[PDB]
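Contents: one structure, followed by commentary.
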Amino acid sequence: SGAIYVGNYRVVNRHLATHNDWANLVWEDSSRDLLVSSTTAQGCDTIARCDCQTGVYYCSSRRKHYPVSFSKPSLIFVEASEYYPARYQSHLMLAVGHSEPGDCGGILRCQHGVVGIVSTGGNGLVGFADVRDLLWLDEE
Ligand SMILES: NC(=O)[C@H]1CCCN(C(=O)c2ccnc3[nH]ncc23)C1
Ligand SMILES: [Zn+2]
C-alpha cells in the first residue's frame, strides 16, 4: 500500500483505490495503473520534473529503501494477476529489486522529488508507474 500526497491530490495504484477515492475522483487510467483523488489537507510530497534513471524506492516487504537503476517509461508486457489480465502497461519503468504482493504504492524518488510508485514485481524485478509527465499534479 502507499500514496503520493502532492497539493490537494492523493496518487494511488488504481487497483488499490478505496470507495472514498472513487467518490472523490480527479483522474484514473487503467493502462497506467494510476488513480488520483482529491484531499481536504495539503500534502508534503513534491514531484520530480526530469529524466533521472537512478533513484531510491521503498520496499514494505523488507522495511528498506533500495537504490536502483530503472528504465525509461515504456509500454511493458505485464503478466495476468488478480487485478489485470495479461496486457501492455504504459508509462512503466523496470528495475532489479524485491517486490512481492503488497509492495505496490511504495515511492520511487530521485534528487528532484517523487518519480513514481511501485506497480509490478516478482522474478527479482520491480516496476514503477511514472508520474513525472502529469504536470497538472503541481497546480489548481
Ligand atoms: N500493475 C499491474 O498490472 C500489477 C498488479 C499487481 C500484480 N503485478 C505484479 O507485477 C506483481 C506485484 C507484486 N509481486 C508480484 N509477484 N509476481 C508478480 C507481481 C501486476
Ligand atoms: Zn530526477
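Please note that chains go A, B, ... in the order of the C-alpha cells, that every chain numbers its residues from 1, and that ligands are numbered from 1 in the order shown.
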
- Mind the document's chain letters and residue numbers, and return as a VMD selection string the residues of segment 40-117 of chain A that DSSP labels strand (DSSP E or B). chain A and resid 47 54 to 59 64 to 69 74 to 78 87 to 96 107 to 110 113 to 117

Give me, as a tab-separated table, the closest atom pair and its distance (Å, one decimal) for every residue of chain A within a cut-off of 6 Å of ligand 2, counting only C-alpha atoms and all ligand atoms, rows sorted by chain and rising number.
residue	atom	partner	partner_atom_place_in_ligand_line	distance
A:48	CA	ligand 2	1 (Zn)	5.6
A:50	CA	ligand 2	1 (Zn)	4.8
A:52	CA	ligand 2	1 (Zn)	4.3
A:110	CA	ligand 2	1 (Zn)	4.5
A:111	CA	ligand 2	1 (Zn)	5.0
A:112	CA	ligand 2	1 (Zn)	4.3

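With atom CA of residue 31 of chain A on one side and atom CA of residue 89 of chain A on the other, the separation reads 5.2 Å.
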
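The helix (DSSP H, G or I) portion of chain A consists of residues 14, 15, 16, 19, 20, 21, 22, 23, 30, 31, 32, 135, 136, 137 and 138 of chain A, with states taken from DSSP on the backbone.
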
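For the set A:47, A:131, A:108, A:16, the residue with the smallest atom-to-atom gap to ligand 1 is A:16, counting only C-alpha atoms and all ligand atoms.
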
- Which residues sit within 6 Å of ligand 1, counting only C-alpha atoms and all ligand atoms, listed as number ranges by chain? A: 33, 78, 81, 83-84, 99-101, 119-122

- Contacts of residue 118 of chain A within 8 Å, only C-alpha atoms, excl. fewer than 2 positions in-chain, as number ranges by chain: A: 103-108, 116, 120, 126-129

Could you write out the selected residues, including C-alpha atoms, as a PDB file, in the first residue's frame?
ATOM      1  CA  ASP A 103       4.734  -3.646  -2.144  1.00  0.00           C
ATOM      2  CA  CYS A 104       2.609  -1.625  -4.648  1.00  0.00           C
ATOM      3  CA  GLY A 105       2.357   2.069  -3.586  1.00  0.00           C
ATOM      4  CA  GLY A 106       5.935   2.422  -2.301  1.00  0.00           C
ATOM      5  CA  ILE A 107       7.557   5.680  -3.574  1.00  0.00           C
ATOM      6  CA  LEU A 108      10.425   5.833  -6.058  1.00  0.00           C
ATOM      7  CA  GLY A 116       6.512   7.226  -9.300  1.00  0.00           C
ATOM      8  CA  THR A 120       4.771  -4.508 -10.577  1.00  0.00           C
ATOM      9  CA  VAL A 126      10.241  -4.130  -9.666  1.00  0.00           C
ATOM     10  CA  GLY A 127       8.175  -1.856 -11.952  1.00  0.00           C
ATOM     11  CA  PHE A 128       7.235   1.778 -11.212  1.00  0.00           C
ATOM     12  CA  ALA A 129       4.222   3.745 -12.590  1.00  0.00           C
TER      13      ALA A 129
END

- Please provide the set of residues having any atom within 12 Å of segment 132-139 of chain A, restricted to only C-alpha atoms, with same-chain residues fewer than 3 positions apart removed, written as a ChimeraX atom specification. /A:4-11,26-29,32,34-38,42-52,72-73,91-93,108-110,112-117,128-129

Take the residues from that selection and put them in a file with N, CA and C atoms, as a tab-separated table (two decimals), in the first residue's frame.
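Writing the result to again-v3.tsv gives the following:
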chain	number	residue	atom	x	y	z
A	4	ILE	N	1.11	8.97	-2.97
A	4	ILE	CA	1.81	10.27	-3.09
A	4	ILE	C	0.80	11.32	-2.66
A	5	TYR	N	1.18	12.22	-1.74
A	5	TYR	CA	0.32	13.34	-1.29
A	5	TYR	C	0.94	14.65	-1.77
A	6	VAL	N	0.51	15.16	-2.89
A	6	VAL	CA	1.02	16.41	-3.51
A	6	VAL	C	-0.13	17.40	-3.63
A	7	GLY	N	0.05	18.62	-3.11
A	7	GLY	CA	-1.06	19.61	-3.12
A	7	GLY	C	-2.32	19.03	-2.49
A	8	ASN	N	-3.46	19.17	-3.18
A	8	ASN	CA	-4.73	18.55	-2.73
A	8	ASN	C	-5.04	17.32	-3.56
A	9	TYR	N	-4.01	16.55	-3.88
A	9	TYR	CA	-4.17	15.27	-4.61
A	9	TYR	C	-3.58	14.11	-3.82
A	10	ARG	N	-4.21	12.95	-3.96
A	10	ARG	CA	-3.74	11.63	-3.47
A	10	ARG	C	-3.55	10.72	-4.68
A	11	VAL	N	-2.32	10.27	-4.93
A	11	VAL	CA	-1.98	9.39	-6.11
A	11	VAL	C	-1.79	7.99	-5.58
A	26	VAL	N	-10.42	12.47	-9.33
A	26	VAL	CA	-9.89	13.53	-10.24
A	26	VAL	C	-9.63	12.89	-11.61
A	27	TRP	N	-8.90	11.76	-11.66
A	27	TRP	CA	-8.39	11.16	-12.92
A	27	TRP	C	-8.02	9.71	-12.67
A	28	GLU	N	-8.30	8.82	-13.62
A	28	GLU	CA	-7.85	7.43	-13.49
A	28	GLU	C	-7.50	6.89	-14.87
A	29	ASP	N	-6.51	6.01	-14.92
A	29	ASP	CA	-6.04	5.40	-16.19
A	29	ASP	C	-5.64	3.96	-15.89
A	32	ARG	N	-2.22	2.60	-17.09
A	32	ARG	CA	-1.05	3.08	-16.29
A	32	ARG	C	-1.12	2.54	-14.85
A	34	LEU	N	-3.01	3.87	-12.51
A	34	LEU	CA	-2.98	5.09	-11.66
A	34	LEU	C	-4.39	5.61	-11.40
A	35	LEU	N	-4.63	6.14	-10.21
A	35	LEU	CA	-5.84	6.88	-9.89
A	35	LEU	C	-5.46	8.02	-8.97
A	36	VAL	N	-6.08	9.18	-9.19
A	36	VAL	CA	-5.86	10.39	-8.36
A	36	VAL	C	-7.19	10.84	-7.80
A	37	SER	N	-7.23	11.06	-6.50
A	37	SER	CA	-8.43	11.59	-5.81
A	37	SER	C	-8.06	12.90	-5.11
A	38	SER	N	-9.09	13.67	-4.76
A	38	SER	CA	-8.92	14.97	-4.07
A	38	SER	C	-8.84	14.80	-2.55
A	42	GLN	N	-3.54	19.61	2.58
A	42	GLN	CA	-2.43	19.73	1.61
A	42	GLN	C	-1.30	18.77	1.99
A	43	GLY	N	-0.78	18.04	1.01
A	43	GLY	CA	0.33	17.10	1.20
A	43	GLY	C	1.73	17.74	1.09
A	44	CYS	N	2.73	16.93	1.46
A	44	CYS	CA	4.13	17.40	1.55
A	44	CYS	C	5.05	16.82	0.50
A	45	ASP	N	4.60	15.88	-0.33
A	45	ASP	CA	5.43	15.35	-1.43
A	45	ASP	C	5.50	16.35	-2.58
A	46	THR	N	6.65	16.43	-3.22
A	46	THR	CA	6.91	17.22	-4.45
A	46	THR	C	7.19	16.26	-5.61
A	47	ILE	N	6.77	16.58	-6.82
A	47	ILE	CA	7.00	15.69	-7.98
A	47	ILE	C	8.27	16.11	-8.70
A	48	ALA	N	9.08	15.13	-9.05
A	48	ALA	CA	10.28	15.31	-9.89
A	48	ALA	C	9.88	15.66	-11.33
A	49	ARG	N	10.60	16.62	-11.95
A	49	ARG	CA	10.44	17.01	-13.37
A	49	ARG	C	11.79	16.87	-14.07
A	50	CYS	N	12.04	15.68	-14.63
A	50	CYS	CA	13.41	15.17	-15.03
A	50	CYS	C	13.36	13.88	-15.84
A	51	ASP	N	14.55	13.39	-16.31
A	51	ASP	CA	14.69	12.05	-16.93
A	51	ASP	C	15.78	11.28	-16.17
A	52	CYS	N	15.95	11.53	-14.87
A	52	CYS	CA	16.68	10.60	-13.95
A	52	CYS	C	16.32	9.15	-14.26
A	72	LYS	N	13.61	3.86	-18.80
A	72	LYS	CA	12.71	4.99	-19.12
A	72	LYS	C	11.27	4.50	-19.23
A	73	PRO	N	10.27	5.35	-18.97
A	73	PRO	CA	8.89	4.92	-19.04
A	73	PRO	C	8.55	4.37	-20.44
A	91	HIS	N	3.77	3.71	-19.55
A	91	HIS	CA	4.48	4.63	-18.65
A	91	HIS	C	5.06	3.82	-17.48
A	92	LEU	N	5.53	2.61	-17.73
A	92	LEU	CA	6.09	1.69	-16.68
A	92	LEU	C	7.61	1.69	-16.82
A	93	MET	N	8.31	1.72	-15.69
A	93	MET	CA	9.79	1.70	-15.63
A	93	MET	C	10.19	0.45	-14.84
A	108	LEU	N	9.11	5.68	-5.40
A	108	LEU	CA	10.42	5.83	-6.06
A	108	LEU	C	10.71	7.33	-6.14
A	109	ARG	N	11.90	7.73	-5.69
A	109	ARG	CA	12.27	9.18	-5.71
A	109	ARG	C	13.71	9.35	-6.17
A	110	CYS	N	13.98	10.52	-6.73
A	110	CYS	CA	15.33	10.93	-7.23
A	110	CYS	C	15.67	12.22	-6.50
A	112	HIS	N	15.38	15.10	-7.48
A	112	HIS	CA	14.42	16.20	-7.79
A	112	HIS	C	13.09	16.02	-7.06
A	113	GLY	N	12.78	14.83	-6.53
A	113	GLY	CA	11.48	14.61	-5.90
A	113	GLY	C	10.93	13.22	-6.21
A	114	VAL	N	9.61	13.07	-6.06
A	114	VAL	CA	8.92	11.76	-6.32
A	114	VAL	C	8.84	11.48	-7.82
A	115	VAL	N	9.24	10.29	-8.22
A	115	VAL	CA	9.26	9.85	-9.63
A	115	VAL	C	8.02	9.04	-9.94
A	116	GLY	N	7.65	8.11	-9.06
A	116	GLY	CA	6.51	7.23	-9.30
A	116	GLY	C	6.28	6.31	-8.12
A	117	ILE	N	5.41	5.32	-8.30
A	117	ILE	CA	5.05	4.35	-7.23
A	117	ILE	C	5.28	2.94	-7.75
A	128	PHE	N	7.76	0.50	-11.78
A	128	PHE	CA	7.23	1.78	-11.21
A	128	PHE	C	6.32	2.50	-12.21
A	129	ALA	N	5.10	2.87	-11.78
A	129	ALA	CA	4.22	3.74	-12.59
A	129	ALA	C	4.79	5.14	-12.53

- Query: Smallest atom-to-atom distance to residue 15 of chain A: which of A:2, A:67, A:97, A:55, using only C-alpha atoms?
  - Reply: A:2

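In this structure, atom CA of residue 17 of chain A sits 20.5 Å away from atom CA of residue 88 of chain A.
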
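Between atom CA of residue 85 of chain A and atom CA of residue 124 of chain A the interatomic distance comes to 20.8 Å.
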
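Nearest-residue note for residue 76 of chain A: choosing from A:94, A:41, A:59, A:12, the minimum distance belongs to A:94, counting only C-alpha atoms.
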